[PDB]
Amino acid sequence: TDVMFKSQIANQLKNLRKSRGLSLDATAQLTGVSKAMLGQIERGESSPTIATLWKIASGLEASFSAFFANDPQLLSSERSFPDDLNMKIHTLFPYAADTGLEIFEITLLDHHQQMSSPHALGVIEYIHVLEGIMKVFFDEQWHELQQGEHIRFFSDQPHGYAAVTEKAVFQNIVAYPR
């Protein structure tokens, strides 16, 4: 499936880019991802990480869900990304333009730590811990959250998530500007 993952992302990334009439170099400037890497991704040569995907989506001002718009069904089954084995994504609600929401249930394993690049301007995130203890980084600091605890923050800044207990599960609501 790692190879099928590559082809899915490669083809849709190209569609998203071409639909916007963007060159690879212009897309590189927008996303902060090298033109070289973007070329490799579209050719199915490199498997992008979840963090790189968000970086690209942010630059294109697209939702994470947009990477699967050609085959919406895939999103509800895409739990394990090849380059992120200690993190599993369960999409509860794919991006909806009317509410601007994208909702995921994330499972962090082996005390994995996930740092992210800023998402698009104005994108806001909500976090609700379902199990374990985890920490969320933003505004230059880590915020520890136990089961049941919650918090929201402006995600258009360097941020991150980390499981303090070996395992942690949390709901993540990503709200895009309307």
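Sequential numbering from 1, following the sequence displayed.
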Is the mean CA B factor in the deposited entry higher across 93-101 or across 69-77?
69-77
Comparing 140-148 with 122-130, the one whose average Cα B-factor in the PDB entry is higher
140-148
Residue with maximal Cα B-factor (values as given in the PDB entry) among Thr27, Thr52, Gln114, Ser63
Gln114
Looking at the C-alpha B-factor of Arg17, is it in the lowest, middle or highest third of its chain?
lowest
Could you look up the Cα B-factor of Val33 in the entry and say which third of the chain it sits in: lowest, middle or highest?
middle
Pull the Cα B-factor of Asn172 out of the PDB entry and bin it into the chain's lowest, middle or highest third.
lowest
Among modelled residues of the same chain, the CA temperature factor third for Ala162
middle
